[PDB]
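> One structure follows; several queries about it will come next.
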Amino acid sequence: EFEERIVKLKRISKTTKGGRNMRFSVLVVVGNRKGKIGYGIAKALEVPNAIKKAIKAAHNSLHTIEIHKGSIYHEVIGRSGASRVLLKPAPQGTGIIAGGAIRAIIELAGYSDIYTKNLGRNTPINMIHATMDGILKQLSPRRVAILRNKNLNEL
Amino acid sequence: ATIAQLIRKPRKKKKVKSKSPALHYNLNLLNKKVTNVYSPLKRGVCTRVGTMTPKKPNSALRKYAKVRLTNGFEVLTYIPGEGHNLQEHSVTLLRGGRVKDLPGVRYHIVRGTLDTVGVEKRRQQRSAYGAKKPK
Amino acid sequence: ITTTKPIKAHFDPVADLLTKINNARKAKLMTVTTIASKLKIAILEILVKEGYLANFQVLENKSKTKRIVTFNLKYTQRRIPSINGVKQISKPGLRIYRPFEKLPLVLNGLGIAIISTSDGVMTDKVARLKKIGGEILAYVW
Amino acid sequence: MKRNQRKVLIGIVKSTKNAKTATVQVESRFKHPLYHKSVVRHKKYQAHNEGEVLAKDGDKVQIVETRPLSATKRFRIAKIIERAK
RNA sequence: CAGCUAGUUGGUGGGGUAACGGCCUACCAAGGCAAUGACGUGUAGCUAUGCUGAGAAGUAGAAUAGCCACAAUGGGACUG
RNA sequence: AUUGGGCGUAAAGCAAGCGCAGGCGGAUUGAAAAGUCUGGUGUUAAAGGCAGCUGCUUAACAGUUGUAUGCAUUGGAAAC
RNA sequence: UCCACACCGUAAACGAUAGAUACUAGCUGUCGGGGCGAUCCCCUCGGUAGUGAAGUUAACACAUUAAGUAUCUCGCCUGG
RNA sequence: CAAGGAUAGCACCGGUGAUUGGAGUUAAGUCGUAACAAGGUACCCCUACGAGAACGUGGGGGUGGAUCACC
Ligand SMILES: [Mg+2]
Ligand SMILES: [Mg+2]
Ligand SMILES: [Mg+2]
Ligand SMILES: [Mg+2]
Ligand SMILES: [Mg+2]
Ligand SMILES: [Mg+2]
Ligand SMILES: [Mg+2]
Ligand SMILES: [Mg+2]
Ligand SMILES: [Mg+2]
Ligand SMILES: [Mg+2]
Ligand SMILES: [Mg+2]
Ligand SMILES: [Mg+2]
Ligand SMILES: [Mg+2]
Ligand SMILES: [Mg+2]
Ligand SMILES: [Mg+2]
Ligand SMILES: [Mg+2]
Ligand SMILES: [Mg+2]
Ligand SMILES: [Mg+2]
Ligand SMILES: [Mg+2]
Ligand SMILES: [Mg+2]
Ligand SMILES: [Mg+2]
Ligand SMILES: [Mg+2]
Ligand SMILES: [Mg+2]
Ligand SMILES: [Mg+2]
Ligand SMILES: [Mg+2]
Ligand SMILES: [Mg+2]
Ligand SMILES: [Mg+2]
């Protein structure tokens, strides 16, 4: 049940020897709401083929996401170009405090309660890149225990 | 910049200017001083009525009026309606606004509140134009 | 132990060590050396205790007039370090003082915060246990 | 007995060019309201050299408040440490 | 807005004030503040608080409550 | 943009230097304790804010209990 | 336009990149001191260039002479 | 002792003013074509002189310049 949702449908174009070639570009986010989510941007002369190619790319590039108590473990800032997205853990009940591309990414990934803020640009592809970078840079509290020879997150 | 630099010369915030300055000047008329007291809408008296041409794209004849308020400021105000009873000398009641076509105009005339008659022959959005309910 | 190259250090003792550690981490370098000060010695002792470094070793000249500390980072088998980032708080000029009530928690407890309250440098958790705070040197996670 | 204690200020004499006076200067390190950094300030208080204290120029002097002896004079000199200049 | 201040700064005797005090008086001195912002100009009752903001804080000082000042304008004084 | 921004090509490195005051500043020892941390005490009027409860047919509202912040003094800590 | 003596004090006065300090792959030239002793070539310490990974950047590009990791101080910017 | 009155010269601020200078905004005005390509004389910066006007020329400075070219 890999649900998908459309984030942006731009109308890009080039110029030829007389006239303009117009193609639709779609930014699709595919997620199973259990820990797998990817993104795919595709261009085609028509919306259906563009959506098909974007879904194919999103399913080709899937990333693994780990959740702690339905939320993100520690506060992080994802950077990608001029877009910086701040994610912050939330207690169970606040729900998704995200809006737009971040909200799409978080819901399709499976997180329940996240605090988010877009501190930079508002271009959906770069916001998605920053969000994915922030979630991917995350550290589990068992990898750090293995690294520092602590006792499975014990004090 | 630097903590010492900001300690010496702190951050100065950019100023904020109003969009309808002429509505916030009050003349005492006894001591003859003008004070800055904010007022939503103000009464004025027209001096010259006529038409202007919209800036680049639009093409029309839009009804303006050179109205002098209860203070000593004379402003160009757009009459918002189809047909008017302005006779180059009347009392109107201006409110804030900004028509994009005419440069220099930054006020509107409330219709059907004072000497200026309301806009009849209107059943849609009439409460903005001052029209009695058909009933 | 014998050396060949001259050894220099910055005037700021916390950020000198932080710059050395961060550059070594980014460049995959393992062993680095610097001039030894007692603040740096104590801070390296607590880093070794918390398990962010393999070893730190102080040395003195033959005339007992100069001391230098050399330490190695703890890399795993696939050569990726245990340190992920360093950020200094109490920089020169603007010194950061926080009471116990506002003692920070770095990365929801994953990292550590170096606090030099009254008994030398001290980790955030032990500072919370002792219910007393002070100068906050750097964030290491 | 129990007597309420006056406030004290320690400073360094900056100048003395009148009759029975010594314009002393006191420094403080008040924090900045916003950037939270200590700032060195300077204020020139005045006192009187009534006697037995002299306290010529350059003398590090302790100062205790008192009932106003005159306009702009509300302080008197006390123990002097590091006698120099 | 770069100099301002001649009761302005300090000392002696006396007077006056509920009280200390150039508050006033006679004499003797030239000092006092100021680039860490005097002085000048403009504006404003101050505060607890109201509204807003995740926070740091922004903004107004409704009602009410604490304090100050005024009673057409400008001075003086009796009773207490 | 202290928390929380920048200055090659988008607004922004003075044409360059000698530099007083200011800001910052190598290593070790001792003292004091001005900053820093912490304990006791006094105070920060009432109303307002937040939490709990009672009464108005429930609410708005009223009442009631708890609830911080800063300053001063005194007693300790000595890492910066 | 040139010379002497007095001013003016501006330039695309540009590396369009303030100064100081510590750290971070390498390769190819060239200039100066020092070590060996025909040149040539080798090593060390510095100056000035090209190429180039990590790293940074909106991109061009910078890349141990940084526009990289950081600190200190000064100057400057806040739509046309 | 002293509010106020009269006289007098300085200090700061405000309104207005014949006439005059420039500026912005303006669907379809006149004169040229200065700039963007080597924009047809490469451009730009400081400066001096001159001309209806964009601008022209002298002095110095830059590449934020086209072609050129090397096995
Ligand atoms: Mg053709
Ligand atoms: Mg005296
Ligand atoms: Mg006296
Ligand atoms: Mg905000
Ligand atoms: Mg009130
Ligand atoms: Mg009122
Ligand atoms: Mg009256
Ligand atoms: Mg009486
Ligand atoms: Mg910016
Ligand atoms: Mg520029
Ligand atoms: Mg320069
Ligand atoms: Mg310049
Ligand atoms: Mg120098
Ligand atoms: Mg100096
Ligand atoms: Mg030191
Ligand atoms: Mg209270
Ligand atoms: Mg109540
Ligand atoms: Mg210039
Ligand atoms: Mg040059
Ligand atoms: Mg290069
Ligand atoms: Mg402007
Ligand atoms: Mg041309
Ligand atoms: Mg030309
Ligand atoms: Mg002619
Ligand atoms: Mg000519
Ligand atoms: Mg020329
Ligand atoms: Mg000729």
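Naming scheme: A, B, ... for chains in displayed order of the structure tokens; residues 1 onward per chain; ligands 1 onward as shown.
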Define the interface residues of chain D facing chain B as those within 10 Å, counting only C-alpha atoms, and report them as a VMD selection string.
chain D and resid 32 34 to 37 39
> Pull out every residue of chain C that has at least one atom within 12 Å of chain B, counting only C-alpha atoms, and report them as a PyMOL selection string.
chain C and resi 91-95
> Restrict the calculation to only C-alpha atoms (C1' of nucleotides), then for each residue of range 6-61 of chain F with any atom at most 12 Å from an atom of range 53-65 of chain G give the closest atom pair and their distance in Å to one decimal, rows by chain and rising residue number, as a tab-separated table.

```
residue	atom	partner	partner_atom	distance
F:8	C1'	G:62	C1'	9.4
F:9	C1'	G:60	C1'	8.2
F:10	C1'	G:58	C1'	10.1
```
> If you run DSSP on the backbone, which residues of chain D are strand (DSSP E or B), as an mmCIF file with N, CA, C and O atoms, in the first residue's frame?

```
data_model
loop_
_atom_site.group_PDB
_atom_site.id
_atom_site.type_symbol
_atom_site.label_atom_id
_atom_site.label_comp_id
_atom_site.auth_asym_id
_atom_site.auth_seq_id
_atom_site.Cartn_x
_atom_site.Cartn_y
_atom_site.Cartn_z
ATOM 1 N N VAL D 8 29.098 50.626 50.615
ATOM 2 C CA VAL D 8 30.510 50.933 50.429
ATOM 3 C C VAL D 8 30.865 50.839 48.951
ATOM 4 O O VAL D 8 30.256 50.087 48.188
ATOM 5 N N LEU D 9 31.876 51.617 48.560
ATOM 6 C CA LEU D 9 32.393 51.623 47.194
ATOM 7 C C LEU D 9 33.901 51.833 47.233
ATOM 8 O O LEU D 9 34.383 52.720 47.936
ATOM 9 N N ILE D 10 34.640 51.039 46.464
ATOM 10 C CA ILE D 10 36.098 51.109 46.429
ATOM 11 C C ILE D 10 36.518 51.724 45.103
ATOM 12 O O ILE D 10 36.074 51.277 44.039
ATOM 13 N N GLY D 11 37.375 52.746 45.158
ATOM 14 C CA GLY D 11 37.766 53.432 43.942
ATOM 15 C C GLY D 11 39.166 54.009 43.967
ATOM 16 O O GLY D 11 39.901 53.835 44.942
ATOM 17 N N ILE D 12 39.543 54.701 42.895
ATOM 18 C CA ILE D 12 40.858 55.315 42.762
ATOM 19 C C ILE D 12 40.678 56.803 42.501
ATOM 20 O O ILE D 12 39.883 57.200 41.643
ATOM 21 N N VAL D 13 41.419 57.626 43.247
ATOM 22 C CA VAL D 13 41.335 59.071 43.084
ATOM 23 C C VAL D 13 41.822 59.460 41.696
ATOM 24 O O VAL D 13 42.868 58.989 41.228
ATOM 25 N N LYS D 14 41.058 60.320 41.026
ATOM 26 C CA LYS D 14 41.431 60.832 39.715
ATOM 27 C C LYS D 14 42.028 62.232 39.773
ATOM 28 O O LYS D 14 42.989 62.518 39.053
ATOM 29 N N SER D 15 41.490 63.111 40.614
ATOM 30 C CA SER D 15 41.999 64.472 40.706
ATOM 31 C C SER D 15 41.644 65.050 42.068
ATOM 32 O O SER D 15 40.731 64.577 42.747
ATOM 33 N N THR D 21 38.713 68.193 49.351
ATOM 34 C CA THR D 21 37.954 67.318 48.468
ATOM 35 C C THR D 21 38.859 66.302 47.781
ATOM 36 O O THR D 21 40.087 66.424 47.784
ATOM 37 N N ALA D 22 38.224 65.275 47.206
ATOM 38 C CA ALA D 22 38.929 64.287 46.388
ATOM 39 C C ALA D 22 37.893 63.619 45.483
ATOM 40 O O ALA D 22 37.076 62.828 45.960
ATOM 41 N N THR D 23 37.944 63.934 44.189
ATOM 42 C CA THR D 23 37.003 63.372 43.219
ATOM 43 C C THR D 23 37.474 61.972 42.853
ATOM 44 O O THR D 23 38.404 61.787 42.069
ATOM 45 N N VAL D 24 36.821 60.972 43.431
ATOM 46 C CA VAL D 24 37.203 59.583 43.231
ATOM 47 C C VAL D 24 36.368 58.987 42.104
ATOM 48 O O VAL D 24 35.292 59.482 41.764
ATOM 49 N N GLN D 25 36.876 57.908 41.510
ATOM 50 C CA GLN D 25 36.238 57.250 40.375
ATOM 51 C C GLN D 25 36.018 55.784 40.715
ATOM 52 O O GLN D 25 36.927 55.124 41.227
ATOM 53 N N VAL D 26 34.821 55.277 40.429
ATOM 54 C CA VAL D 26 34.438 53.906 40.750
ATOM 55 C C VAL D 26 34.000 53.211 39.468
ATOM 56 O O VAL D 26 33.211 53.764 38.693
ATOM 57 N N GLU D 27 34.506 52.001 39.251
ATOM 58 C CA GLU D 27 34.197 51.211 38.069
ATOM 59 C C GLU D 27 33.238 50.081 38.417
ATOM 60 O O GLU D 27 33.154 49.634 39.563
ATOM 61 N N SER D 28 32.511 49.620 37.402
ATOM 62 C CA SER D 28 31.561 48.533 37.577
ATOM 63 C C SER D 28 31.438 47.765 36.270
ATOM 64 O O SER D 28 31.769 48.269 35.194
ATOM 65 N N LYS D 31 26.123 44.032 33.337
ATOM 66 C CA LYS D 31 25.896 43.254 32.132
ATOM 67 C C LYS D 31 25.050 44.043 31.139
ATOM 68 O O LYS D 31 24.266 44.920 31.507
ATOM 69 N N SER D 38 29.701 41.870 29.853
ATOM 70 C CA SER D 38 30.097 42.865 30.841
ATOM 71 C C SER D 38 30.625 44.120 30.159
ATOM 72 O O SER D 38 31.356 44.049 29.169
ATOM 73 N N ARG D 41 32.132 50.654 33.134
ATOM 74 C CA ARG D 41 31.613 52.008 33.254
ATOM 75 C C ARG D 41 32.505 52.831 34.173
ATOM 76 O O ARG D 41 33.358 52.305 34.891
ATOM 77 N N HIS D 42 32.299 54.144 34.141
ATOM 78 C CA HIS D 42 33.080 55.065 34.955
ATOM 79 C C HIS D 42 32.190 56.197 35.443
ATOM 80 O O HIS D 42 31.515 56.848 34.641
ATOM 81 N N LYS D 43 32.192 56.425 36.755
ATOM 82 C CA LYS D 43 31.482 57.542 37.358
ATOM 83 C C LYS D 43 32.374 58.178 38.414
ATOM 84 O O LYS D 43 32.976 57.476 39.230
ATOM 85 N N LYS D 44 32.451 59.507 38.399
ATOM 86 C CA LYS D 44 33.342 60.253 39.289
ATOM 87 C C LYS D 44 32.542 60.756 40.484
ATOM 88 O O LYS D 44 31.858 61.777 40.415
ATOM 89 N N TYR D 45 32.636 60.028 41.595
ATOM 90 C CA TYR D 45 32.058 60.485 42.847
ATOM 91 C C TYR D 45 32.999 61.465 43.544
ATOM 92 O O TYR D 45 34.167 61.613 43.180
ATOM 93 N N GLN D 46 32.471 62.142 44.559
ATOM 94 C CA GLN D 46 33.228 63.125 45.317
ATOM 95 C C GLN D 46 33.165 62.809 46.804
ATOM 96 O O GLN D 46 32.175 62.267 47.302
ATOM 97 N N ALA D 47 34.239 63.158 47.507
ATOM 98 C CA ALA D 47 34.328 62.962 48.947
ATOM 99 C C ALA D 47 35.130 64.111 49.536
ATOM 100 O O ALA D 47 35.677 64.946 48.811
ATOM 101 N N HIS D 48 35.197 64.154 50.863
ATOM 102 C CA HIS D 48 35.918 65.206 51.562
ATOM 103 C C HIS D 48 37.045 64.613 52.396
ATOM 104 O O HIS D 48 36.875 63.573 53.039
ATOM 105 N N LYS D 60 44.455 54.628 46.151
ATOM 106 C CA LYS D 60 43.327 53.706 46.160
ATOM 107 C C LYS D 60 42.589 53.837 47.485
ATOM 108 O O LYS D 60 43.161 53.573 48.548
ATOM 109 N N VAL D 61 41.322 54.241 47.426
ATOM 110 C CA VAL D 61 40.578 54.659 48.606
ATOM 111 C C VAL D 61 39.243 53.930 48.671
ATOM 112 O O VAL D 61 38.565 53.747 47.652
ATOM 113 N N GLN D 62 38.869 53.515 49.876
ATOM 114 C CA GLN D 62 37.529 53.029 50.156
ATOM 115 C C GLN D 62 36.637 54.202 50.551
ATOM 116 O O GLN D 62 37.096 55.184 51.138
ATOM 117 N N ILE D 63 35.350 54.085 50.235
ATOM 118 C CA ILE D 63 34.408 55.190 50.337
ATOM 119 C C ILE D 63 33.116 54.674 50.951
ATOM 120 O O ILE D 63 32.617 53.612 50.560
ATOM 121 N N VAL D 64 32.577 55.426 51.906
ATOM 122 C CA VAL D 64 31.319 55.095 52.562
ATOM 123 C C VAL D 64 30.381 56.286 52.429
ATOM 124 O O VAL D 64 30.803 57.437 52.587
ATOM 125 N N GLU D 65 29.114 56.010 52.121
ATOM 126 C CA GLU D 65 28.137 57.075 51.971
ATOM 127 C C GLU D 65 27.897 57.766 53.311
ATOM 128 O O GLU D 65 28.306 57.293 54.373
ATOM 129 N N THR D 66 27.213 58.905 53.249
ATOM 130 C CA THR D 66 26.917 59.683 54.443
ATOM 131 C C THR D 66 25.781 60.645 54.127
ATOM 132 O O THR D 66 25.359 60.781 52.977
ATOM 133 N N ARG D 67 25.280 61.300 55.170
ATOM 134 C CA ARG D 67 24.295 62.348 54.968
ATOM 135 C C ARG D 67 24.928 63.493 54.181
ATOM 136 O O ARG D 67 26.110 63.800 54.377
ATOM 137 N N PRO D 68 24.183 64.136 53.281
ATOM 138 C CA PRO D 68 24.797 65.096 52.353
ATOM 139 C C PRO D 68 25.486 66.264 53.036
ATOM 140 O O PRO D 68 24.835 67.093 53.677
ATOM 141 N N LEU D 69 26.810 66.341 52.892
ATOM 142 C CA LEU D 69 27.560 67.468 53.423
ATOM 143 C C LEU D 69 27.374 68.729 52.597
ATOM 144 O O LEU D 69 27.516 69.832 53.133
ATOM 145 N N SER D 70 27.069 68.590 51.313
ATOM 146 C CA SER D 70 26.824 69.721 50.426
ATOM 147 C C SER D 70 26.183 69.172 49.159
ATOM 148 O O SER D 70 25.935 67.968 49.039
ATOM 149 N N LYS D 73 27.938 66.213 47.150
ATOM 150 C CA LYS D 73 28.879 65.553 48.051
ATOM 151 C C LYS D 73 28.086 64.724 49.051
ATOM 152 O O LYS D 73 27.415 65.277 49.927
ATOM 153 N N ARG D 74 28.168 63.399 48.923
ATOM 154 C CA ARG D 74 27.453 62.490 49.808
ATOM 155 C C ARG D 74 28.315 61.314 50.248
ATOM 156 O O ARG D 74 27.783 60.345 50.802
ATOM 157 N N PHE D 75 29.624 61.374 50.028
ATOM 158 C CA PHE D 75 30.514 60.260 50.308
ATOM 159 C C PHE D 75 31.695 60.753 51.131
ATOM 160 O O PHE D 75 32.096 61.915 51.044
ATOM 161 N N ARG D 76 32.256 59.851 51.933
ATOM 162 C CA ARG D 76 33.419 60.155 52.750
ATOM 163 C C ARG D 76 34.440 59.039 52.602
ATOM 164 O O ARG D 76 34.098 57.894 52.288
ATOM 165 N N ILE D 77 35.705 59.388 52.825
ATOM 166 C CA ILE D 77 36.786 58.433 52.637
ATOM 167 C C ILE D 77 36.928 57.559 53.881
ATOM 168 O O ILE D 77 36.443 57.883 54.968
ATOM 169 N N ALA D 78 37.607 56.433 53.711
ATOM 170 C CA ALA D 78 37.776 55.427 54.747
ATOM 171 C C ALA D 78 39.144 54.788 54.532
ATOM 172 O O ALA D 78 40.037 55.408 53.945
ATOM 173 N N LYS D 79 39.323 53.572 55.056
ATOM 174 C CA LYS D 79 40.579 52.836 54.936
ATOM 175 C C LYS D 79 41.177 52.974 53.540
ATOM 176 O O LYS D 79 40.460 53.009 52.536
ATOM 177 N N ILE D 80 42.500 53.098 53.491
ATOM 178 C CA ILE D 80 43.234 53.294 52.248
ATOM 179 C C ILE D 80 44.215 52.142 52.102
ATOM 180 O O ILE D 80 45.102 51.958 52.946
#
```
> Pick out the chain F residues within 9 Å of chain D. Count only C-alpha atoms (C1' of nucleotides). Give them as a count of residues only.
3
> So that I can see what lies close to residue 92 in chain B, please list as number ranges by chain the residues with an atom at most 9 Å from it, counting only C-alpha atoms (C1' of nucleotides) and leaving out residues fewer than 2 positions away in the same chain.
B: 42-46, 67, 69, 86, 90, 94, 109-111, 113-116
> One number please: CA of residue 19 in chain C to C1' of residue 74 in chain G, in Å, one decimal.
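Interatomic distance, CA of residue 19 in chain C to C1' of residue 74 in chain G: 24.2 Å.
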> Show me which residues are within 8 Å of ligand 12 counting only C-alpha atoms (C1' of nucleotides) and all ligand atoms, and format the list as a PyMOL selection string.
(chain F and resi 13-14) or (chain G and resi 16)
> Limited to N, CA and C atoms (P, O5', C5', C4', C3', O3' and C1' of nucleotides), could you put the picked residues into a file as a PDB file, in the first residue's frame?

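Once written, result.pdb looks like this:
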```pdb
ATOM      1  P     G F  13      31.872  47.710  -0.408  1.00  0.00           P
ATOM      2  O5'   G F  13      33.066  46.711  -0.100  1.00  0.00           O
ATOM      3  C5'   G F  13      33.383  46.367   1.242  1.00  0.00           C
ATOM      4  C4'   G F  13      34.840  46.594   1.533  1.00  0.00           C
ATOM      5  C3'   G F  13      35.795  45.870   0.602  1.00  0.00           C
ATOM      6  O3'   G F  13      37.011  46.614   0.529  1.00  0.00           O
ATOM      7  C1'   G F  13      36.063  45.035   2.790  1.00  0.00           C
ATOM      8  P     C F  14      37.127  47.901  -0.430  1.00  0.00           P
ATOM      9  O5'   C F  14      36.435  49.078   0.389  1.00  0.00           O
ATOM     10  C5'   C F  14      36.901  49.463   1.679  1.00  0.00           C
ATOM     11  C4'   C F  14      36.688  50.936   1.926  1.00  0.00           C
ATOM     12  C3'   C F  14      37.853  51.837   1.521  1.00  0.00           C
ATOM     13  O3'   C F  14      37.353  53.074   1.015  1.00  0.00           O
ATOM     14  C1'   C F  14      37.407  52.109   3.825  1.00  0.00           C
TER      15        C F  14
ATOM     16  P     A G  16      39.728  40.269  -9.616  1.00  0.00           P
ATOM     17  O5'   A G  16      38.909  41.451  -8.937  1.00  0.00           O
ATOM     18  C5'   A G  16      38.178  41.237  -7.736  1.00  0.00           C
ATOM     19  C4'   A G  16      37.805  42.539  -7.074  1.00  0.00           C
ATOM     20  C3'   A G  16      36.952  42.400  -5.822  1.00  0.00           C
ATOM     21  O3'   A G  16      37.198  43.505  -4.951  1.00  0.00           O
ATOM     22  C1'   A G  16      35.716  43.521  -7.497  1.00  0.00           C
TER      23        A G  16
END
```
> I'd like the interatomic distance between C1' of residue 5 in chain G and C1' of residue 16 in chain F, to a tenth of an Å.
26.1 Å
> What does the list of residues within 12 Å of ligand 18 look like if you count only C-alpha atoms (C1' of nucleotides) and all ligand atoms, written as a PyMOL selection string?
(chain F and resi 14-15) or (chain G and resi 9-13) or (chain H and resi 45-46)
> Give as a PDB file with N, CA and C atoms (P, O5', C5', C4', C3', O3' and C1' of nucleotides), in the first residue's frame the residues surrounding ligand 25 up to a distance of 12 Å, considering only C-alpha atoms (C1' of nucleotides) and all ligand atoms.

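Saved the output as part_16.pdb:
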```pdb
ATOM      1  P     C H  49      36.777  72.318 -16.808  1.00  0.00           P
ATOM      2  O5'   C H  49      36.756  72.460 -18.394  1.00  0.00           O
ATOM      3  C5'   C H  49      37.738  73.234 -19.064  1.00  0.00           C
ATOM      4  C4'   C H  49      37.847  72.867 -20.523  1.00  0.00           C
ATOM      5  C3'   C H  49      36.606  73.078 -21.370  1.00  0.00           C
ATOM      6  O3'   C H  49      36.403  74.427 -21.747  1.00  0.00           O
ATOM      7  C1'   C H  49      37.515  70.961 -21.844  1.00  0.00           C
ATOM      8  P     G H  50      34.910  74.995 -21.914  1.00  0.00           P
ATOM      9  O5'   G H  50      34.342  74.229 -23.189  1.00  0.00           O
ATOM     10  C5'   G H  50      34.797  74.557 -24.492  1.00  0.00           C
ATOM     11  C4'   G H  50      34.149  73.694 -25.544  1.00  0.00           C
ATOM     12  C3'   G H  50      32.630  73.696 -25.574  1.00  0.00           C
ATOM     13  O3'   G H  50      32.095  74.822 -26.244  1.00  0.00           O
ATOM     14  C1'   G H  50      33.419  71.476 -25.714  1.00  0.00           C
ATOM     15  P     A H  51      30.581  75.276 -25.969  1.00  0.00           P
ATOM     16  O5'   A H  51      29.713  74.279 -26.856  1.00  0.00           O
ATOM     17  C5'   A H  51      29.885  74.217 -28.263  1.00  0.00           C
ATOM     18  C4'   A H  51      29.229  72.991 -28.844  1.00  0.00           C
ATOM     19  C3'   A H  51      27.745  72.833 -28.555  1.00  0.00           C
ATOM     20  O3'   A H  51      26.922  73.609 -29.408  1.00  0.00           O
ATOM     21  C1'   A H  51      28.836  70.805 -28.088  1.00  0.00           C
ATOM     22  P     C H  55      24.896  58.769 -23.352  1.00  0.00           P
ATOM     23  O5'   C H  55      25.538  58.879 -24.804  1.00  0.00           O
ATOM     24  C5'   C H  55      26.915  59.174 -24.975  1.00  0.00           C
ATOM     25  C4'   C H  55      27.118  60.271 -25.988  1.00  0.00           C
ATOM     26  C3'   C H  55      28.560  60.556 -26.375  1.00  0.00           C
ATOM     27  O3'   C H  55      29.037  59.673 -27.374  1.00  0.00           O
ATOM     28  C1'   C H  55      27.461  62.586 -25.879  1.00  0.00           C
ATOM     29  P     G H  56      30.561  59.174 -27.353  1.00  0.00           P
ATOM     30  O5'   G H  56      31.378  60.407 -27.938  1.00  0.00           O
ATOM     31  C5'   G H  56      31.280  60.771 -29.307  1.00  0.00           C
ATOM     32  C4'   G H  56      32.209  61.912 -29.629  1.00  0.00           C
ATOM     33  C3'   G H  56      33.630  61.758 -29.118  1.00  0.00           C
ATOM     34  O3'   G H  56      34.434  60.978 -29.983  1.00  0.00           O
ATOM     35  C1'   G H  56      32.820  63.904 -28.556  1.00  0.00           C
ATOM     36  P     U H  57      35.622  60.077 -29.394  1.00  0.00           P
ATOM     37  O5'   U H  57      36.733  61.137 -28.979  1.00  0.00           O
ATOM     38  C5'   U H  57      37.361  61.954 -29.954  1.00  0.00           C
ATOM     39  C4'   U H  57      38.232  63.001 -29.313  1.00  0.00           C
ATOM     40  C3'   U H  57      39.222  62.500 -28.279  1.00  0.00           C
ATOM     41  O3'   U H  57      40.393  61.943 -28.846  1.00  0.00           O
ATOM     42  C1'   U H  57      38.099  64.386 -27.429  1.00  0.00           C
ATOM     43  P     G H  58      41.294  60.924 -27.990  1.00  0.00           P
ATOM     44  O5'   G H  58      42.074  61.860 -26.966  1.00  0.00           O
ATOM     45  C5'   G H  58      42.997  62.831 -27.428  1.00  0.00           C
ATOM     46  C4'   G H  58      43.575  63.639 -26.292  1.00  0.00           C
ATOM     47  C3'   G H  58      44.191  62.847 -25.154  1.00  0.00           C
ATOM     48  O3'   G H  58      45.503  62.407 -25.445  1.00  0.00           O
ATOM     49  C1'   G H  58      42.814  64.558 -24.279  1.00  0.00           C
TER      50        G H  58
END
```
> Find the distance between CA of residue 15 in chain B and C1' of residue 59 in chain E and write it in Å to one decimal.
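Going from CA of residue 15 in chain B over to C1' of residue 59 in chain E covers 14.0 Å.
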> Compile the residues of chain C that lie within 12 Å of chain A, evaluated using only C-alpha atoms, and express the compilation as a ChimeraX atom specification.
/C:47-54,73-85,105-112,123-126,129,141
> Can you work out which residues are within 8 Å of ligand 22, considering only C-alpha atoms (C1' of nucleotides) and all ligand atoms, and then hand them over as a ChimeraX atom specification?
/H:33-35,39-40
> Collect all residues with atoms no farther than 12 Å from ligand 17, counting only C-alpha atoms (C1' of nucleotides) and all ligand atoms, and output them as JSON, numbers by chain.
{"F": [47, 48, 49, 50, 60, 61, 62, 63, 64]}
